[PDB]
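Participant: Could you have a look at this structure, given as structure tokens, before my questions?
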Amino acid sequence: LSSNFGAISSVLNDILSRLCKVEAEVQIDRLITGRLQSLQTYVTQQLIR
Amino acid sequence: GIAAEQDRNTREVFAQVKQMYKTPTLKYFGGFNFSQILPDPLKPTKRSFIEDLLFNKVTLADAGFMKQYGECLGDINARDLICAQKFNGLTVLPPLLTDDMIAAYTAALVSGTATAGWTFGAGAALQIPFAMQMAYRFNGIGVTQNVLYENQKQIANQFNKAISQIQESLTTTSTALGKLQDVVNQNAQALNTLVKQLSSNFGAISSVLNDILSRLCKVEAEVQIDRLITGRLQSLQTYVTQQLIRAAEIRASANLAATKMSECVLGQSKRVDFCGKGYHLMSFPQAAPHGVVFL
Amino acid sequence: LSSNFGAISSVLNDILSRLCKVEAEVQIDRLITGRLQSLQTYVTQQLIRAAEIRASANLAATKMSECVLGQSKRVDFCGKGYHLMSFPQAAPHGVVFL
Amino acid sequence: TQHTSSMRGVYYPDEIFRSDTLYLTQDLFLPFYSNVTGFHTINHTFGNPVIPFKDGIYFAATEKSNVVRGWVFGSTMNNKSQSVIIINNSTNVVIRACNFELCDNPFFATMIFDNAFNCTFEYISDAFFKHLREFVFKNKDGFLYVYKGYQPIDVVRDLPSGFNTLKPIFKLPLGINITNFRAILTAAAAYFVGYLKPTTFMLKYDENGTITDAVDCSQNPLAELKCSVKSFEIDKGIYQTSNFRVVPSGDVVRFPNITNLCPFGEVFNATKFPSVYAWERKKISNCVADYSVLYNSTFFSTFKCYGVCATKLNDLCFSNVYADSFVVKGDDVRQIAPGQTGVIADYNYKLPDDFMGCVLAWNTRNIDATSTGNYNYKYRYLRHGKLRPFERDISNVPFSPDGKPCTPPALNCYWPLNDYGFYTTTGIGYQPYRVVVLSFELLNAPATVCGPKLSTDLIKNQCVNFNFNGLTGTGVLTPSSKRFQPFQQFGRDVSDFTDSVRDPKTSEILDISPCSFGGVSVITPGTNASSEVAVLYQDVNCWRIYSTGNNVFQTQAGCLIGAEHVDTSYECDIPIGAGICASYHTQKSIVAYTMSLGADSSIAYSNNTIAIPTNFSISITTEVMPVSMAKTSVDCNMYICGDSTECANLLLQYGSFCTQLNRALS
Amino acid sequence: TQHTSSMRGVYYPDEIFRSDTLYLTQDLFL
Amino acid sequence: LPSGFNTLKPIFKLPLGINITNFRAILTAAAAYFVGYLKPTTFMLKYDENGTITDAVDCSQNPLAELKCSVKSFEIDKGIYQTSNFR
Amino acid sequence: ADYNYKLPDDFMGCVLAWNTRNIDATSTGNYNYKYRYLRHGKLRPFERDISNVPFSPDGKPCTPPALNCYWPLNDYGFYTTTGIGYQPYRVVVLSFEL
Amino acid sequence: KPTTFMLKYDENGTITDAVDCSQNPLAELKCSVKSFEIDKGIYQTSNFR
Amino acid sequence: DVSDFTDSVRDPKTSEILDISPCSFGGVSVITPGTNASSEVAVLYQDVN
Ligand SMILES: C=CC1=C(C)/C(=C/c2[nH]c(/C=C3N=C(/C=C4\NC(=O)C(C)=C4C=C)C(C)=C\3CCC(=O)O)c(CCC(=O)O)c2C)NC1=O
Ligand SMILES: CCCCC/C=C\C/C=C\CCCCCCCC(=O)O
Ligand SMILES: CCCCC/C=C\C/C=C\CCCCCCCC(=O)O
Ligand SMILES: *[C@@H]1O[C@H](CO)[C@@H](O)[C@H](O)[C@H]1NC(C)=O
Ligand SMILES: *[C@@H]1O[C@H](CO)[C@@H](O)[C@H](O)[C@H]1NC(C)=O
Ligand SMILES: *[C@@H]1O[C@H](CO)[C@@H](O)[C@H](O)[C@H]1NC(C)=O
Ligand SMILES: *[C@@H]1O[C@H](CO)[C@@H](O)[C@H](O)[C@H]1NC(C)=O
Ligand SMILES: *[C@@H]1O[C@H](CO)[C@@H](O)[C@H](O)[C@H]1NC(C)=O
Ligand SMILES: *[C@@H]1O[C@H](CO)[C@@H](O)[C@H](O)[C@H]1NC(C)=O
Ligand SMILES: *[C@@H]1O[C@H](CO)[C@@H](O)[C@H](O)[C@H]1NC(C)=O
Ligand SMILES: *[C@@H]1O[C@H](CO)[C@@H](O)[C@H](O)[C@H]1NC(C)=O
Ligand SMILES: *[C@@H]1O[C@H](CO)[C@@H](O)[C@H](O)[C@H]1NC(C)=O
Ligand SMILES: *[C@@H]1O[C@H](CO)[C@@H](O)[C@H](O)[C@H]1NC(C)=O
Ligand SMILES: *[C@@H]1O[C@H](CO)[C@@H](O)[C@H](O)[C@H]1NC(C)=O
Ligand SMILES: *[C@@H]1O[C@H](CO)[C@@H](O)[C@H](O)[C@H]1NC(C)=O
Ligand SMILES: *[C@@H]1O[C@H](CO)[C@@H](O)[C@H](O)[C@H]1NC(C)=O
Ligand SMILES: *[C@@H]1O[C@H](CO)[C@@H](O)[C@H](O)[C@H]1NC(C)=O
Ligand SMILES: *[C@@H]1O[C@H](CO)[C@@H](O)[C@H](O)[C@H]1NC(C)=O
Ligand SMILES: *[C@@H]1O[C@H](CO)[C@@H](O)[C@H](O)[C@H]1NC(C)=O
């Protein structure tokens, strides 16, 4: 959960405190897609086990 | 690969015998009533009375596998799920073996059991009257054959009564065939989830390519289209992975059904609780939607 | 490995020779995520194939135990007919029972 | 007359060496077995009309005595536009792009032009049926590309069949409108013309890096399958290809019927603009906004749009149009933008972060600036908080930093408005500028301010391209039974696909459907056996088929075309489905039949007879089973970032994913 | 005095026709 | 105030640009009026075949409504469901 | 950008411009520079239009001393004393491949 | 030199040990698994560079 | 290549053709006992004689 997935930071508070709304909305989606991918990988491994 | 395996499962379960025995005209073999598990030449259907109930218990989605274009443009007010799936590139292919073919296979198996016994799996069928076959089955579980030959009326009556109870149990609405309904429910839910997941914008301006191409400018539109492309590709990949795992589960079940048909319909088994609760005497197969029912 | 995954090019040398550092760092991450996704897909397919191979190997082990080391009463578990004997032979990635 | 281009006219797509690969590309190509037009010298008749140039041509000349000498490319072809002449005058190859008076009968033995002026491009080369000379001409981004190829032939009448790859020789920077062309002959020969289309090809390279074979992916379903699997060889079986598609035929444009030109003069040319603290808003409605009437008189120093590319502003229609007007100084024009700070953006006029519209500003030193000094424009510089977007503050109340009311002749009490002092002799950062901000919405609501695009008649029950108020697409339009409310214009699915529209001229509701529908399977034997295939279409009753061929008949699986139905039943090797199977049997052909379940047998039940075996046989049966597969390992660092330090540094924070992959493989 | 708003005061969130769907939205509601 | 469900339609979108913090009603010189306050909330709305809103689910009312908004359905089968964690 | 000189969307190159008020502007007024303001369509990228033909909105040929018939080229009027938005600038566009 | 290190922190927030990831293949393995302890066995490390 | 890797070049001074190859090649495995026993390891290199 500490990967930034090619964004400014891995902390949503840092992005929302400093960046500006349209620019922050394109950095939040990278973290959203990365964390969704992590959950999907966990679920697939669990199904095989 | 998944679809080819689905054809192979049915072939490995139902097509074990090589020659198709005809249904005998007489259904009454020494006290035992085989009329409810064999086809009769008077009804329009090609299948037995119990298989009719089994196909009535399970509701299907695709009646046929043919939805014409004029039919989907004739049904727009009724938001049909199949038209929505087909307009987005998702299709369902017919099985190779028709239900009539599977019914013919099960009829051949039941006729061979009732006339030849256990010998048509090892090789050529050997005829034997049904009372003697019952005597050998009784002798196989450690009971002498005079017990059969002196109580034949009672055993025949109990067999007929048990068949009637099986018939009465399947006419009342219940969840006996509930793990065959789960398969079709899971398939329908997966396809509908693919259809509904197509409205996510995946962090873009819109989820509609027409809106992006009508308003945005070419280099800026080419970076918004790739987000939708990657999102929809990810959705298809997730669907394919779930389908592969479900196919593995179905293949394990079909392997168990094939070995159970081999060791319990074509012979008598010594394995405890492998075919019913008690000392195994016989088994009969019946076809069901996407599956098999052993009695 | 020749997909650009929505970037300028699929070659890192072309991006680093021409684009500028902050702009190159947002084009390299697309290639990184795409290639990581490709490796993950390969690993998932390999795990599923390994499960199928393991089921086959378990069946081969129990067949060697119950048909080469003894005589089986199970119908059609080892050949068509009444089982008398079995002999194993090695094969590339597998076993052949006679 | 009419001939066919049998695998004719392939060229090198780029300047990159490739060997022993299959390359898939999409470009302007001559499609396989397409129509070509022949021009022959039957008699003294000089056959050379003006042939139209439709985004590139393939030209072939079959020659024995060098009759065709060059070409003229142009648009008007008289004296009014630029034209380019490419000829060989038996000593040089000369290319000349000028503005010259053409002749009705241009020929050699040099009569091509009466006179020439305003010459733009010049190129002179170096000094210097049996022949076939092939050319590809294409125009793109002000460049004329020429590709050339040569072949010795012996044919006397027709264009010979074969395959030959053309190489680039010229890339001329002309910048010329090319719509028409004409060949130049000498005073016994033939030439052939074909047209290029946007197409996907798959090309094969040798070990010498030469193109020797290609596959046109849109010729027939077998070629679609070949391009899908990226191989020239297909094994025996049945393959699910792409679904059945039709191409759009017509165009439909439906816009609201508006007559009035939209009031540019009343907005941009007004005698009086307000101050920035008291900015004014005006609604714009029922007008045609083409803005090309401003190219004669009015010019803007800044013009910036947000939410839409400017080049599409003539193809759209706008829903809720408002215009804000005010006056600032030159140094404050940069503050009229989203996400900005300063006195104007904080206390006078603020734009939203998700703003959609345009900002226009122009210098007005000759109207709002006097030599004495214009002091009629004001701005607020003191406030107790920032403004919200599109919020106005009008009050003139004395300001105190602590926050309590005060009397202006006192201490720590100020007047919150300052004057702009506009002089003629000041620098440009202190000169007045007039600013207009336009705000609107796009493609989600009823609209009444549109562009100058012309409308078109409606077409029903046919795959067309459509444009409703700027929303474009491809589909089939049918009358609908939905009941829109007066504030609604569009309708959407559960998957956010626009499926209903209200026609803006006659207020009827229309349903939109996709054009492609229905699964298609291709049944083939091995590629070694034949190039013939059979096609099975689900969802059609035997229409919506690619070709009718021979032997079309209905099965339980679908409509089968290209196979013959036989009454006898066998085992099957190609499973079609629903009990139907196919095979390749005898002249060989593809046959379809019902599969056989097994052998017929009869044993009779008796209550007193038994059957006993008398003899036996010993049998040995083989059974093969897999046990293991190949053990494999990957290295993320080399696969993702091969010998690059910067990529490895960027990858350094993805290490958990790679250790997870390595654990799975081990 | 004090009363309760029992499923009171729902409005149309946009100007787009929808039929036979369930739509999830986030806005200022009672 | 009677109970029930009734959907409201847009009639006005006025471009005022005014700081609005207070309001007051105007009466004639026997009647009642009721005031409630809006909150930022997630709803789930149901449409008819005529395109009319006839039912809704407020996703923050109780855990059953949270479950309904999570599964996107108005009907829940018998069983036990893991909802969102306690906030 | 519509009638005189258009750049491609995927342009690669550089644009340079500088003020030239001391060379191309006179006190009397330099009227030797022209631009087109009337056309029946937009230009394609890197396309040139040279013709000087009378323009009619309906689209038919006409004689310039008539009604609804214009000359399609306007003069730039470059003076020394004007503001900087009306001063001449020299522009060079470089295009290449990499 | 430009180098990748792995540092260990105490419960007092003090650095008391480190691993230089480019010293020898054992240190490469330690930095790959992110641990100071390796169990007995054979491990596929990075390819030869 | 087939993977879009630049593998050949023409030298711009003398018009000869040159092949470009990567520098890293060959798998490496590390055999270790437990970290408690020793810090000594054995290294197995495939693809070298
Ligand atoms: C029309 C423009 C035109 C172009 C672009 C052109 C290009 C061209 N002409 C060539 C040779 C040649 N080209 C021709 C003749 C012709 N080839 C033609 O396309 C035509 C129309 C003629 C008729 C005059 C001949 C006779 C040779 C020399 C063949 C030889 O060397 O044996 C070559 C090969 C050069 C080489 O030998 O290495 C090229 C690339 N020739 C042209 O005439
Ligand atoms: C005055 C009412 C205008 C209403 C138009 C509403 C929407 C149309 C959107 C943009 C129109 C731009 C007009 C100015 C273009 C200037 C072009 C230029 O020279 O750079
Ligand atoms: C002189 C010491 C300044 C130190 C301030 C340090 C950090 C604060 C960051 C930015 C302050 C910007 C000050 C100028 C703002 C001008 C606003 C305008 O009119 O456009
Ligand atoms: C049992 O057999 C008799 C024939 O004697 C038949 O009439 C009867 O229908 C059979 N039972 C059932 C339930 O069909
Ligand atoms: C090509 O010419 C044939 C006549 O031989 C004609 O039938 C066909 O329609 C033409 N092709 C196209 C695309 O029009
Ligand atoms: C010049 O090209 C334009 C499109 O760029 C076209 O509309 C016009 O008709 C062409 N000129 C002639 C004379 O055909
Ligand atoms: C262009 O050609 C035409 C041909 O009729 C001629 O009348 C006209 O004068 C020519 N223009 C020039 C500038 O020479
Ligand atoms: C061909 O054209 C060139 C171009 O000017 C000229 O120099 C040459 O003399 C011409 N050849 C003949 C035979 O006229
Ligand atoms: C084209 O030629 C005419 C004379 O016929 C001339 O007046 C005009 O300036 C020329 N155009 C260009 C762009 O040189
Ligand atoms: C490749 O080039 C060599 C050398 O000219 C030639 O001998 C060989 O035939 C070529 N390959 C093919 C497939 O033609
Ligand atoms: C452009 O302006 C000039 C000068 O006022 C005028 O003569 C000309 O007719 C105008 N053009 C149009 C098309 O109105
Ligand atoms: C603006 O209006 C004034 C008076 O109405 C007029 O003199 C002036 O020419 C107009 N300017 C433009 C650019 O139309
Ligand atoms: C113009 O629009 C009105 C409003 O929809 C419509 O009634 C009328 O038919 C339209 N005019 C024509 C000529 O169709
Ligand atoms: C196809 O059409 C014929 C007559 O048009 C009809 O008899 C037949 O049932 C149809 N096939 C199907 C599968 O509906
Ligand atoms: C049948 O048995 C006899 C003796 O038991 C033997 O000679 C004969 O070979 C057997 N039949 C066959 C076909 O082998
Ligand atoms: C939809 O509209 C029709 C026509 O007014 C009406 O009869 C029907 O009752 C409506 N549907 C519902 C669910 O009220
Ligand atoms: C952490 O700090 C405490 C207090 O100084 C000390 O007693 C303890 O030893 C420290 N921990 C270590 C590992 O040195
Ligand atoms: C300069 O380049 C030419 C062309 O390749 C080459 O022949 C020559 O050797 C070069 N000069 C030197 C000093 O190498
Ligand atoms: C290693 O090299 C030796 C001699 O250099 C040779 O005999 C041996 O076969 C080689 N090993 C392998 C695996 O090739």
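Labels for the structure tokens follow display order: chains A, B, ..., residues from 1 in each chain, ligands from 1.
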Please identify every polymer residue within 7 Å of ligand 5, using only C-alpha atoms and all ligand atoms, and present the set as a list in words.
Facilitator: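 Written in the requested form, the residues are residues 2, 34 and 35 of chain D.
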Participant: Write out as a ChimeraX atom specification the residues lying within 6 Å of residue E:19, counting only C-alpha atoms and excluding same-chain residues fewer than 2 positions away.
Facilitator: /E:21 /F:47-49,51
Participant: Could you list, as a tab-separated table (two decimals) with C-alpha atoms, in the first residue's frame, every residue within 10 Å of residue I:27, counting only C-alpha atoms and ignoring same-chain residues fewer than 5 positions away?
Facilitator:
chain	number	residue	atom	x	y	z
D	633	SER	CA	12.06	-18.72	-13.90
D	634	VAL	CA	11.84	-15.04	-14.84
D	635	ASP	CA	13.94	-11.99	-14.04
H	44	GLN	CA	17.39	-18.09	-8.12
H	45	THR	CA	19.00	-14.66	-7.95
H	46	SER	CA	19.35	-12.07	-10.72
H	47	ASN	CA	21.08	-13.01	-13.96
H	48	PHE	CA	24.77	-12.40	-14.55
H	49	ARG	CA	25.57	-8.77	-15.38
I	44	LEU	CA	25.92	-22.17	-9.41
I	45	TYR	CA	26.21	-20.60	-12.84
I	46	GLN	CA	24.31	-22.11	-15.70
I	47	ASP	CA	25.53	-21.39	-19.23
I	48	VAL	CA	29.26	-21.51	-18.44
Participant: Can you tell me, as a ChimeraX atom specification, which residues in chain H count as helix (DSSP H, G or I) by DSSP?
Facilitator: /H:25-33
Participant: Would you list the contacts of residue E:10 as a list in words, taking every protein, DNA or RNA residue within 9 Å and counting only C-alpha atoms, but skipping same-chain residues closer than 3 positions in sequence?
Facilitator: residues 7, 13, 29 and 30 of chain E; 5, 6, 7, 8, 53 and 56 of chain F
Participant: Quick one: pull the distance between atom 1 (C, counted along the ligand's line) of ligand 11 and atom CA of residue G:81, Å, one decimal.
Facilitator: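 If I compute the distance from atom 1 (C, counted along the ligand's line) of ligand 11 to atom CA of residue G:81, I get 23.6 Å.
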Participant: Could you tell me, counting only C-alpha atoms and all ligand atoms, which protein and nucleic acid residues lie no more than 12 Å from ligand 3, written as a list in words?
Facilitator: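 Using only C-alpha atoms and all ligand atoms, I find these residues within 12 Å of ligand 3: residues 331, 332, 333, 334, 335, 336, 339, 340, 341, 342, 343, 344, 345, 346, 347 and 381 of chain D.
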Participant: Would you mind listing, for every residue of chain D within 7 Å of ligand 7, the two atoms forming the shortest contact and the distance between them in Å to one decimal, using only C-alpha atoms and all ligand atoms, sorted by chain and ascending residue number, as CSV?
Facilitator:
residue,atom,partner,partner_atom_place_in_ligand_line,distance
D:78,CA,ligand 7,2 (O),6.6
D:79,CA,ligand 7,1 (C),4.4
D:80,CA,ligand 7,1 (C),6.8
D:101,CA,ligand 7,2 (O),5.3
